[PDB]
Amino acid sequence: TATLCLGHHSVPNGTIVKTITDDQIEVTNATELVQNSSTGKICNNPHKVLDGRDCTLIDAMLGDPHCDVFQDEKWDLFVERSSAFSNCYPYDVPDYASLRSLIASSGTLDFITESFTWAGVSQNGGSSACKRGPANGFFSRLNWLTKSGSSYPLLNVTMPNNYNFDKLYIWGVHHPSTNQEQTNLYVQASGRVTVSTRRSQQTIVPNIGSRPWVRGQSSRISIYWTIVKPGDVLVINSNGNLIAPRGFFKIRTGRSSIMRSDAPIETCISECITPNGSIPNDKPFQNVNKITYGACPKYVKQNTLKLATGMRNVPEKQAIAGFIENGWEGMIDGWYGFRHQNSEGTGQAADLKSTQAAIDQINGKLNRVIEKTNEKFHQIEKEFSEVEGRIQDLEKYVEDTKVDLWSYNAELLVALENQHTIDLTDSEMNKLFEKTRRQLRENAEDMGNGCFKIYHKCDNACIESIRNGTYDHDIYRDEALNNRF
Amino acid sequence: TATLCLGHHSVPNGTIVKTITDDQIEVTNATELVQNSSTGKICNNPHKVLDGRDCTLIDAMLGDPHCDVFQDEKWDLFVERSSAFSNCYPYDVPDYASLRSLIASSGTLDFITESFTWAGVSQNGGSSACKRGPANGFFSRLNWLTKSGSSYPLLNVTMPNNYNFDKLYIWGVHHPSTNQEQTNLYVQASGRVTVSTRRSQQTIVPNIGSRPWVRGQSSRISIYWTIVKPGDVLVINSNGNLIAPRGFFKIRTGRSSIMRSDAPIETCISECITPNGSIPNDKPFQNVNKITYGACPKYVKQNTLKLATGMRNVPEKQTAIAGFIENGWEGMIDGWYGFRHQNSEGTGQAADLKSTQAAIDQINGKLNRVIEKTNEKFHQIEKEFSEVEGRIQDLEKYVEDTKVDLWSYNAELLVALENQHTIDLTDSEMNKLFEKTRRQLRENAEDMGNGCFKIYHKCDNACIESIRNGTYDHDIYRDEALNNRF
Amino acid sequence: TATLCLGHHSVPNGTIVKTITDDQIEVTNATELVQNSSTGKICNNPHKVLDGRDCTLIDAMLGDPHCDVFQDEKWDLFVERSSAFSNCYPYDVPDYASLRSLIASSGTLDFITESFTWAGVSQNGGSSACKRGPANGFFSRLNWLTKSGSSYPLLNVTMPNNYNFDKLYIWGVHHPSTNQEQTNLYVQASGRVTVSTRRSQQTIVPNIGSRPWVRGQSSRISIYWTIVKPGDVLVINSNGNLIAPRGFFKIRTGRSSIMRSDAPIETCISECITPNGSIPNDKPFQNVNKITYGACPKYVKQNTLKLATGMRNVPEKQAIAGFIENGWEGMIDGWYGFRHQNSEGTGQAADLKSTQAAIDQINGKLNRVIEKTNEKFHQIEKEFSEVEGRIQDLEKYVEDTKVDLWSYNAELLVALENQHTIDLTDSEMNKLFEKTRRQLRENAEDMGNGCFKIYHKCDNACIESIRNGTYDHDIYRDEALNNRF
Ligand SMILES: *[C@@H]1O[C@H](CO)[C@@H](O[C@@H]2O[C@H](CO)[C@@H](O[C@@H]3O[C@H](CO[C@H]4O[C@H](CO)[C@@H](O)[C@H](O)[C@@H]4O)[C@@H](O)[C@H](O[C@H]4O[C@H](CO)[C@@H](O)[C@H](O)[C@@H]4O)[C@@H]3O)[C@H](O)[C@H]2NC(C)=O)[C@H](O)[C@H]1NC(C)=O
Ligand SMILES: *[C@@H]1O[C@H](CO)[C@@H](O[C@@H]2O[C@H](CO)[C@@H](O[C@@H]3O[C@H](CO[C@H]4O[C@H](CO)[C@@H](O)[C@H](O)[C@@H]4O)[C@@H](O)[C@H](O[C@H]4O[C@H](CO)[C@@H](O)[C@H](O)[C@@H]4O)[C@@H]3O)[C@H](O)[C@H]2NC(C)=O)[C@H](O)[C@H]1NC(C)=O
Ligand SMILES: *[C@@H]1O[C@H](CO)[C@@H](O[C@@H]2O[C@H](CO)[C@@H](O[C@@H]3O[C@H](CO[C@H]4O[C@H](CO)[C@@H](O)[C@H](O)[C@@H]4O)[C@@H](O)[C@H](O[C@H]4O[C@H](CO)[C@@H](O)[C@H](O)[C@@H]4O)[C@@H]3O)[C@H](O)[C@H]2NC(C)=O)[C@H](O)[C@H]1NC(C)=O
Ligand SMILES: CC(=O)N[C@H]1[C@H]([C@H](O)[C@H](O)CO)O[C@@](OC[C@H]2O[C@@H](O)[C@H](O)[C@@H](O)[C@H]2O)(C(=O)O)C[C@@H]1O
Ligand SMILES: CC(=O)N[C@H]1[C@H]([C@H](O)[C@H](O)CO)O[C@@](OC[C@H]2O[C@@H](O)[C@H](O)[C@@H](O)[C@H]2O)(C(=O)O)C[C@@H]1O
Ligand SMILES: CC(=O)N[C@H]1[C@H]([C@H](O)[C@H](O)CO)O[C@@](OC[C@H]2O[C@@H](O)[C@H](O)[C@@H](O)[C@H]2O)(C(=O)O)C[C@@H]1O
Ligand SMILES: *[C@@H]1O[C@H](CO)[C@@H](O[C@@H]2O[C@H](CO)[C@@H](O)[C@H](O)[C@H]2NC(C)=O)[C@H](O)[C@H]1NC(C)=O
Ligand SMILES: *[C@@H]1O[C@H](CO)[C@@H](O[C@@H]2O[C@H](CO)[C@@H](O)[C@H](O)[C@H]2NC(C)=O)[C@H](O)[C@H]1NC(C)=O
Ligand SMILES: *[C@@H]1O[C@H](CO)[C@@H](O[C@@H]2O[C@H](CO)[C@@H](O)[C@H](O)[C@H]2NC(C)=O)[C@H](O)[C@H]1NC(C)=O
Ligand SMILES: *[C@@H]1O[C@H](CO)[C@@H](O)[C@H](O)[C@H]1NC(C)=O
Ligand SMILES: *[C@@H]1O[C@H](CO)[C@@H](O)[C@H](O)[C@H]1NC(C)=O
Ligand SMILES: *[C@@H]1O[C@H](CO)[C@@H](O)[C@H](O)[C@H]1NC(C)=O
């Protein structure tokens, strides 16, 4: 007689994963699906990263004297450091966030000088709070107009848009601290600024009052913006307290954005940028930060998610035995194989078809459901330094909802994939056993432990024929029937 | 002896679907789950669709002379064309989108005239920029008040809400271009308009300055609105630059909305409306547009999603009968599973109705168990913009993108899971039929290894029919079968 | 000979669930996953709940005389009743919702009095619309300044923030009804109020005009707020129509919120609070309300969702029979068992291993994918008493999208879990049958009804050995072979 057994490989060190029906189960191999670390650096390729050392985007746009190196710059991502500061005339911007977001999304600081004509007033006003070297200065992109002689005539100028692109204009209004200062600068006792197009209008009345000292000034300047479509026209009408523009900014559409971070910039290649630094995007999920730019993994709350890439791990108990509650640590060539006890001796081989089928099924399984990468460039703000109320609450609620939903999706997907992997491996083993049983019609009996008891003389050639699939039962039919009964 | 085989049908041309464990597998039949085309026309039933033609909703509400045909109109969906224009006094509306959404959601333009008394001022002002035929005119729902004689007395009027429904009032403020114009129209050198109720107030100070010429006017008019609850009182106080209302609009709660489109309107029936036109809602997902009205399929990014309907398609081997082991039967058209028998009388074929019916019943109605039939949404947020604004527009775009991504992922996962379960159930049905057939023959037959049984006794057509029916009795063949086997 | 059967238990009354491949299937046991009822009361533990009674949060903060009991109060959840009313000077708050949300999220009403100096004006103004007992009064936290003698000097005061926490200041502007009233109260014909810090500024110009009578007054007061960071300074500049503050509120960060409800408050323990009342949080989903505070189940549209707990329910048909299309209602000591017919007599036993395995797999099944509870404290508003436009539409859209997505998730999860439960129970039964068949090598053959017939004499000891797994086929092989052939 002879003995033939079927079994599967095993490893000394397994990994614990989670499935639908099992809290913990050990498998031969697994991979991590969550990226939870960063190098702390921001790669300068392939995106064009612009580093604002001590300047905010708004200050660079306005023309702060210590931000003059940023003139006519372009970027894919603008990085704002926490050590940035303002060193010019004090100012405030109503709807600061909207202007900052639109400027960042434009992605360029291209400025074109236009020939504005201001008759009856003095131009190029300066202050000691904004020093350009040893002399008083001002924002390079703004014009401060004051009285000439002893009069401030009413200003009424126009400028049409004859190009094929939109124009962005930045202008301002001056708020004096005292009535005497207001009358000294502008002869009128109450100024007025009106800027309008064929479809929109804005009018600001300056406010007079004391304010906390900032770099020796108790006055302030408010900043406003206007966009002129092609074929439209811009009209500026003012009675005083006007901070005139010097030109327009060319506004574009693209995939530029802005980020707050303190990480240094190095020479490397990475497609994902986070405030903590660049991270690889070879995993579907990440746990570093919910603020991202480029092709990045989705953010989830979990810090680890193991995906099974192997079969169940079962130790070998201490006469050969099959796969019934028994693994084989001696199999190196494949995942499934045959162990036979013969008159010549004990042998062992491996089956390539079932192993290849299992490997092909397992490989690239996660790519069938989830997308490879998602590219997001400009999004909403997710961190705030001041309390505002309704809009901030809405933004926080939206972000929280998105994070929770994606975390649930990731958990469910991992559990389902692990369960299906275990099921497919078990099914492959059972299919191999059933095929082996079908090959031997009545010359063998099931020993009950994953092994077959062949009742005729089966040499090495016979075992090889069984493994190949060319076993002929009619040859040994009579001998096996005689031996069994 | 005799031979009995079990197998399943196959088709000459199959469809390729995607499962959890397989990226490309061929099945006998599949159906498309994504609607990706439209007729290009908007059906006028069962929803009431109002064509705006060359008028916007705000212009129609205000009373533009060329929009006078829209007085006291009702709609379920208001369609705005891209060729609409304004032909009256130039104006601007602070928070234009909010007022547009409010009017669209109200769903009606019902106007009730009220008896307002304005003492000491002239009424029914007109301009050459708003012509009512050959003569000067103005907005039909607004009253322009100017000085009478040489004085403009302070106006102080009241109007109580004695009804049981809310009132919507539309009023305005005039912005002169020059100080001389302001003094000429109204005696005071600085106007002031105050409209308030018991719980809210609004005050506007007009601005004087030149503006680009629009239809011969360098002045502008601002538009404001106020809502008066039942039992409340409206008080209007002004001393210049007031564009008085003539009445109130009835405001209702319903399922009306507004849509921007250029598609023509035709006579047909459709429950879903998109800017591209109407689309059928028989499929759970669509790819036409993310802007929808009515009972519409959910929007996804995928162009196509095939749901498996039949079994795995296996070609017939060209080579003695064979079973279902890696071989399909091309000659079966009366069922999904059947028997092929080789006998002394001759060969034959049949079909098993029970297993086929069970598989069909399991497959039928499969997607309705998870996905709800259809979702009905009427008024939503705006999803396309023509100007850059900043924070709010970014938030709206982010919300829409998040929703679209989540629904696309859900659709992909659902399709993969359903295909996998369909394949598994079909294979299980085939295996169960084979196991039952084996269980019927206790010791008179043995498995041949290729999905066929070798019966070791003379089994005529009646015996085969008894096997197929399930009334086979092995006792009266047992002796002969055991004698033949050994 | 002897007969051995394998089967599973059944119950007289079952329940219907839904699976992936079945519209309706009856199981032996199921549990409800959706909470759809409440006791109508709000439990006062463990959260600190403050009853607003007939006062609103804004009125309590301002210092309404009938809300004086709320001074220096703390809360985790503030409950606003629909019967609340105002009984002081008429007022309006621009961006009322933002201030309400800010105060609610702060979670305290701690007030610190500061020594402001107002030179040349009279303080502690009062009105008949706000009665402090028999005499005229005003808001306790606000100071009404009017002319002294026949002059109203320009006011210019400062207050620095030398602490290490943020300060919140509440101030106001008075709107007279007539020019004569404006002149009588304040000498100047046009007032002006300017409040600013080193980084922000606000200027309000009062408006004069008649307004509807409210408690005998045709005038109004507009409320504004300002926040001063540590190291900053507050400057107040005005020349009329100023409602001065008396101090600052301590603003904190925490998990406090506000709710609108009419349910009474009783003494009990509950972690979840809804406007309908408190609900238990032992279920993953709830259908009571979409407004929640604390550890609450997720809100879904469905009102019922049944999760399978037992196996399929098959009534027993009317010579023992196995599990093939037949259940056993007489078995109560286990889920799976054996029935044998013997010469000595019939019997019945239960198998504990398979039952324990099935119970362990079923137990804690839902905890493998979904979390126990999610804690949410402060969120967006979800019900509105008036129409506003864009922001309200955005909030409603966000809430609707979240609800729809979570409902879909719940439905799919329930269907998948039910399908897997049915599959695992069937697999357990089939595995037990296969093991029993494997034990009997050649001494028995399946008769097709889930039972085995044994061709040798098998007494109670032999049946017990078969159940235990110690059955030896070699002892009876010869007798069984002789009987079979
Ligand atoms: C309405 O009320 C506000 C607030 O009370 C007033 O604003 C103050 O205005 C005064 C000037 O009028 C300001 O005083 C100035 O402060 C400067 C900054 O002080 C800081 O830095 C110095 C030096 O580093 C420190 O010693 C000091 O502690 C602060 O940390 C000083 O640099 C100025 O000095 C100048 O004047 C002195 C006068 O002796 C000279 O000796 C100096 O050389 C130099 O020329 C000056 O002291 C004060 O800071 C303002 N306060 C605020 C909060 O802004 C308004 O003036 C008031 N309006 C009216 C109309 O009354
Ligand atoms: C502050 O600054 C603004 C901007 O510069 C000034 O606004 C301009 O005002 C003038 C009038 O004061 C406007 O000129 C008028 O333009 C009308 C439209 O012009 C278009 O159409 C004509 C014909 O189709 C074209 O030829 C032309 O190129 C334009 O395409 C004209 O129809 C008007 O014609 C009137 O005057 C002529 C003079 O000969 C008469 O013959 C006519 O019958 C008719 O009465 C007129 O020419 C100009 O368009 C305004 N510009 C803008 C941008 O709005 C403010 O006036 C200024 N304010 C102060 C106080 O100085
Ligand atoms: C601009 O226009 C507005 C609106 O028309 C005017 O506002 C009105 O002003 C008058 C004058 O004060 C107000 O009249 C007062 O109404 C009080 C409330 O009335 C209600 O309550 C009483 C008692 O419950 C009811 O009987 C009554 O029907 C109302 O339901 C009264 O209590 C006042 O009575 C006082 O005056 C009378 C005069 O004889 C005395 O006998 C009384 O004892 C008491 O002293 C008074 O009648 C009216 O309510 C205001 N209406 C609104 C809507 O606000 C502005 O005055 C006007 N501005 C200018 C400059 O003209
Ligand atoms: C455009 C212009 O007029 N620039 C002035 C500037 C303005 O007058 C002022 O800053 C507007 O608020 O003032 C400069 O001087 C400041 C200086 O002025 C004296 O009159 C005053 O006595 C000093 O205390 C001090 O404020 C400035 O450098 O800011 C001069 C500049 O030309
Ligand atoms: C209600 C009223 O007064 N309507 C007037 C209107 C207004 O005076 C004006 O539009 C307010 O801005 O003006 C109308 O004439 C415009 C006409 O006025 C002359 O005085 C001027 O010299 C011309 O150039 C021209 O602007 C108009 O039709 O708009 C007359 C109308 O009665
Ligand atoms: C701070 C102050 O001046 N309080 C007054 C208050 C104000 O004058 C008024 O409310 C501002 O609008 O008015 C009080 O009197 C109300 C009373 O005043 C008479 O002059 C008038 O003729 C009456 O009709 C009536 O309005 C008030 O109690 O509100 C007095 C208070 O001292
Ligand atoms: C990436 O940077 C963020 C900074 O926003 C880190 O998040 C903070 O971590 C600290 C320390 O645990 C917490 O006190 C803060 O509350 C966190 N902030 C937020 C907004 O969550 C994050 O830990 C960093 N991650 C890595 C991997 O470095
Ligand atoms: C339905 O109409 C929309 C119009 O918004 C079409 O979307 C545009 O398609 C063109 C052509 O590919 C693109 O260039 C635009 O960028 C698309 N716009 C947006 C907002 O996506 C859409 O293709 C139409 N669909 C059908 C089936 O006709
Ligand atoms: C819990 O309270 C809410 C209050 O909003 C109830 O919801 C309302 O129920 C009534 C009665 O059917 C409806 O007419 C309203 O339209 C509902 N409002 C909303 C916003 O849905 C809810 O039914 C209560 N639930 C329980 C279990 O008491
Ligand atoms: C485990 O799987 C990973 C990825 O599938 C593979 O790179 C690795 O070699 C595997 N480990 C072993 C021991 O085969
Ligand atoms: C394929 O399925 C669809 C619907 O499921 C059905 O209408 C069609 O007839 C099927 N195809 C065949 C060849 O039966
Ligand atoms: C049904 O299941 C629940 C929870 O698993 C359990 O409490 C209950 O006792 C079960 N019913 C029966 C009859 O065992």
# chains A, B, ... in the order shown; residues from 1 in each chain; ligands from 1
$ interface_residues --of "chain C" --to "chain B" --cutoff "10 Å" --atoms "only C-alpha atoms" --output "ChimeraX atom specification"
/C:18-23,90-94,177,206-214,218,220,386-398,401-402,404-405,408-416,445-449,485
$ residues_near_ligand --ligand "ligand 9" --cutoff "10 Å" --atoms "only C-alpha atoms and all ligand atoms" --output "ChimeraX atom specification"
/C:35-40,261,274-277,279,286-291,303,382-384
$ write_last_selection --atoms "N, CA and C atoms" --output "compact mmCIF listing (two decimals), in the first residue's frame"
# COMPACT_ATOMS: atom_id res chain seq x y z
N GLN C 35 -33.33 52.64 17.70
CA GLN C 35 -34.09 53.17 18.82
C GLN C 35 -35.09 54.20 18.30
N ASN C 36 -36.36 54.02 18.64
CA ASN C 36 -37.43 54.83 18.06
C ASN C 36 -38.41 55.32 19.11
N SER C 37 -37.97 55.47 20.36
CA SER C 37 -38.86 55.95 21.41
C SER C 37 -38.04 56.67 22.47
N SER C 38 -38.74 57.50 23.25
CA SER C 38 -38.12 58.23 24.35
C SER C 38 -39.14 58.38 25.47
N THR C 39 -38.62 58.52 26.69
CA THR C 39 -39.48 58.69 27.85
C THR C 39 -40.07 60.09 27.96
N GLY C 40 -39.58 61.05 27.18
CA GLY C 40 -40.08 62.40 27.24
C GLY C 40 -39.48 63.27 28.32
N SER C 261 -35.86 72.96 23.59
CA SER C 261 -36.70 71.84 23.95
C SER C 261 -37.74 72.29 24.96
N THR C 274 -31.86 64.47 23.68
CA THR C 274 -32.53 64.92 22.47
C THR C 274 -33.64 65.87 22.87
N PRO C 275 -34.11 66.71 21.94
CA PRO C 275 -35.25 67.59 22.27
C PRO C 275 -36.49 66.84 22.70
N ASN C 276 -36.67 65.60 22.24
CA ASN C 276 -37.79 64.79 22.71
C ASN C 276 -37.55 64.26 24.12
N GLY C 277 -36.31 64.23 24.57
CA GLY C 277 -35.94 63.70 25.86
C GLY C 277 -34.69 62.86 25.74
N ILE C 279 -32.56 59.31 25.61
CA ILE C 279 -32.74 57.98 25.03
C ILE C 279 -31.57 57.09 25.43
N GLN C 286 -30.57 55.39 15.84
CA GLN C 286 -31.76 55.96 16.46
C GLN C 286 -32.57 56.70 15.41
N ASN C 287 -33.87 56.84 15.69
CA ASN C 287 -34.80 57.49 14.78
C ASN C 287 -35.59 58.61 15.45
N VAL C 288 -35.19 59.03 16.64
CA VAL C 288 -35.99 60.00 17.40
C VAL C 288 -35.80 61.40 16.85
N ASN C 289 -34.55 61.86 16.79
CA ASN C 289 -34.26 63.22 16.36
C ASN C 289 -32.85 63.28 15.81
N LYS C 290 -32.63 64.22 14.89
CA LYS C 290 -31.30 64.46 14.34
C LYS C 290 -30.51 65.48 15.14
N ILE C 291 -31.09 66.04 16.19
CA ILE C 291 -30.40 66.95 17.10
C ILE C 291 -30.09 66.17 18.37
N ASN C 303 -37.07 53.19 10.50
CA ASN C 303 -37.62 53.03 11.84
C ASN C 303 -37.44 51.63 12.41
N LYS C 382 -30.05 72.92 13.11
CA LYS C 382 -30.75 72.07 12.16
C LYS C 382 -32.22 72.42 11.99
N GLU C 383 -32.76 73.33 12.78
CA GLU C 383 -34.13 73.81 12.62
C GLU C 383 -34.12 75.33 12.62
N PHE C 384 -34.93 75.93 11.76
CA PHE C 384 -34.94 77.37 11.57
C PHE C 384 -36.37 77.89 11.60
$ residues_near_ligand --ligand "ligand 5" --cutoff "10 Å" --atoms "only C-alpha atoms and all ligand atoms" --output "PyMOL selection string"
chain B and resi 89+122-131+135-138+143-147+174-178+181-182+184-186+215-221
$ select_by_dssp --residues "segment 209-400 of chain A" --states "strand (DSSP E or B)" --output "PyMOL selection string"
chain A and resi 214+217+220-228+233-240+242-245+247-250+257-260+265-269+272-274+277-278+285-286+293-296+298-299+306-308+312+328+336-341+346-351+374-376
$ residues_near_ligand --ligand "ligand 12" --cutoff "12 Å" --atoms "only C-alpha atoms and all ligand atoms" --output "number ranges by chain"
C: 9-15, 27-33, 306-311, 332-335, 359-366
$ write_last_selection --atoms "N, CA and C atoms" --output "mmCIF file, in the first residue's frame"
data_model
loop_
_atom_site.group_PDB
_atom_site.id
_atom_site.type_symbol
_atom_site.label_atom_id
_atom_site.label_comp_id
_atom_site.auth_asym_id
_atom_site.auth_seq_id
_atom_site.Cartn_x
_atom_site.Cartn_y
_atom_site.Cartn_z
ATOM 1 N N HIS C 9 -31.870 22.706 15.838
ATOM 2 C CA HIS C 9 -33.055 23.065 16.598
ATOM 3 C C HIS C 9 -33.910 24.072 15.832
ATOM 4 N N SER C 10 -35.143 24.243 16.305
ATOM 5 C CA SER C 10 -36.075 25.196 15.723
ATOM 6 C C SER C 10 -36.993 25.710 16.821
ATOM 7 N N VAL C 11 -37.626 26.849 16.555
ATOM 8 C CA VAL C 11 -38.491 27.493 17.542
ATOM 9 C C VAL C 11 -39.911 27.578 16.996
ATOM 10 N N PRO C 12 -40.934 27.514 17.852
ATOM 11 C CA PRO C 12 -42.315 27.618 17.351
ATOM 12 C C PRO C 12 -42.626 28.943 16.679
ATOM 13 N N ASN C 13 -42.046 30.044 17.152
ATOM 14 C CA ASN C 13 -42.302 31.370 16.601
ATOM 15 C C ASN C 13 -40.980 32.007 16.198
ATOM 16 N N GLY C 14 -40.861 32.365 14.920
ATOM 17 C CA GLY C 14 -39.673 32.989 14.392
ATOM 18 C C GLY C 14 -39.894 34.449 14.024
ATOM 19 N N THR C 15 -38.840 35.036 13.463
ATOM 20 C CA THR C 15 -38.851 36.424 13.028
ATOM 21 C C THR C 15 -38.239 36.521 11.639
ATOM 22 N N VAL C 27 -35.790 33.467 10.763
ATOM 23 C CA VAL C 27 -34.716 32.985 11.618
ATOM 24 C C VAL C 27 -35.279 32.747 13.015
ATOM 25 N N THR C 28 -34.498 32.040 13.834
ATOM 26 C CA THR C 28 -34.948 31.675 15.170
ATOM 27 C C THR C 28 -34.899 32.836 16.156
ATOM 28 N N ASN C 29 -34.049 33.831 15.924
ATOM 29 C CA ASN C 29 -33.889 34.921 16.876
ATOM 30 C C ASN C 29 -33.282 36.122 16.167
ATOM 31 N N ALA C 30 -33.690 37.317 16.587
ATOM 32 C CA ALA C 30 -33.178 38.552 16.011
ATOM 33 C C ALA C 30 -33.290 39.666 17.041
ATOM 34 N N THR C 31 -32.569 40.755 16.786
ATOM 35 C CA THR C 31 -32.548 41.905 17.677
ATOM 36 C C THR C 31 -32.767 43.183 16.882
ATOM 37 N N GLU C 32 -33.307 44.194 17.558
ATOM 38 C CA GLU C 32 -33.589 45.482 16.941
ATOM 39 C C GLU C 32 -32.386 46.404 17.074
ATOM 40 N N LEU C 33 -32.066 47.107 15.987
ATOM 41 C CA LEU C 33 -30.897 47.972 15.941
ATOM 42 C C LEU C 33 -31.225 49.458 15.931
ATOM 43 N N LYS C 306 -33.674 44.766 11.629
ATOM 44 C CA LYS C 306 -33.540 43.534 12.393
ATOM 45 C C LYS C 306 -32.247 42.825 12.016
ATOM 46 N N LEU C 307 -31.437 42.507 13.020
ATOM 47 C CA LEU C 307 -30.186 41.786 12.836
ATOM 48 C C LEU C 307 -30.367 40.347 13.295
ATOM 49 N N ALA C 308 -30.030 39.402 12.423
ATOM 50 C CA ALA C 308 -30.212 37.994 12.737
ATOM 51 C C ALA C 308 -29.258 37.556 13.842
ATOM 52 N N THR C 309 -29.773 36.747 14.763
ATOM 53 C CA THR C 309 -28.983 36.195 15.854
ATOM 54 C C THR C 309 -28.898 34.678 15.828
ATOM 55 N N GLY C 310 -29.972 33.987 15.450
ATOM 56 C CA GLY C 310 -29.967 32.547 15.334
ATOM 57 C C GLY C 310 -29.834 32.084 13.894
ATOM 58 N N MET C 311 -30.089 30.795 13.697
ATOM 59 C CA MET C 311 -30.005 30.186 12.380
ATOM 60 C C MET C 311 -31.360 30.251 11.680
ATOM 61 N N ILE C 332 -33.612 21.377 23.075
ATOM 62 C CA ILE C 332 -33.527 22.625 23.821
ATOM 63 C C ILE C 332 -32.204 22.800 24.552
ATOM 64 N N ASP C 333 -31.317 21.807 24.521
ATOM 65 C CA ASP C 333 -30.033 21.888 25.203
ATOM 66 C C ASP C 333 -28.886 22.273 24.279
ATOM 67 N N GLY C 334 -29.161 22.547 23.010
ATOM 68 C CA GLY C 334 -28.110 22.936 22.089
ATOM 69 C C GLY C 334 -28.691 23.259 20.732
ATOM 70 N N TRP C 335 -27.823 23.781 19.865
ATOM 71 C CA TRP C 335 -28.213 24.143 18.509
ATOM 72 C C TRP C 335 -28.108 22.969 17.545
ATOM 73 N N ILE C 359 -22.026 30.164 18.401
ATOM 74 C CA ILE C 359 -22.369 31.237 19.329
ATOM 75 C C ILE C 359 -21.230 32.244 19.429
ATOM 76 N N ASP C 360 -19.990 31.756 19.519
ATOM 77 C CA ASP C 360 -18.842 32.651 19.609
ATOM 78 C C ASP C 360 -18.697 33.494 18.351
ATOM 79 N N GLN C 361 -18.908 32.892 17.178
ATOM 80 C CA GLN C 361 -18.845 33.665 15.943
ATOM 81 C C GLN C 361 -19.945 34.717 15.893
ATOM 82 N N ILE C 362 -21.157 34.354 16.316
ATOM 83 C CA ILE C 362 -22.276 35.290 16.260
ATOM 84 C C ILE C 362 -22.112 36.396 17.297
ATOM 85 N N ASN C 363 -21.657 36.046 18.499
ATOM 86 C CA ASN C 363 -21.548 37.025 19.575
ATOM 87 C C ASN C 363 -20.545 38.117 19.226
ATOM 88 N N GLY C 364 -20.929 39.362 19.498
ATOM 89 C CA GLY C 364 -20.067 40.497 19.210
ATOM 90 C C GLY C 364 -19.767 40.687 17.741
ATOM 91 N N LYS C 365 -20.718 40.357 16.867
ATOM 92 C CA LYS C 365 -20.468 40.454 15.433
ATOM 93 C C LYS C 365 -20.487 41.902 14.958
ATOM 94 N N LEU C 366 -21.439 42.700 15.447
ATOM 95 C CA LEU C 366 -21.564 44.080 14.993
ATOM 96 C C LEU C 366 -20.448 44.975 15.513
#
$ select_by_dssp --residues "segment 116-213 of chain C" --states "alpha helix (DSSP H)" --output "PDB file with C-alpha atoms, in the first residue's frame"
ATOM      1  CA  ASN C 179     -33.651 114.427  15.909  1.00  0.00           C
ATOM      2  CA  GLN C 180     -34.958 116.291  18.961  1.00  0.00           C
ATOM      3  CA  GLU C 181     -34.491 113.178  21.108  1.00  0.00           C
ATOM      4  CA  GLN C 182     -30.954 112.733  19.766  1.00  0.00           C
ATOM      5  CA  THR C 183     -30.099 116.351  20.584  1.00  0.00           C
ATOM      6  CA  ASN C 184     -31.672 116.150  24.049  1.00  0.00           C
ATOM      7  CA  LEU C 185     -29.863 112.949  25.045  1.00  0.00           C
TER       8      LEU C 185
END
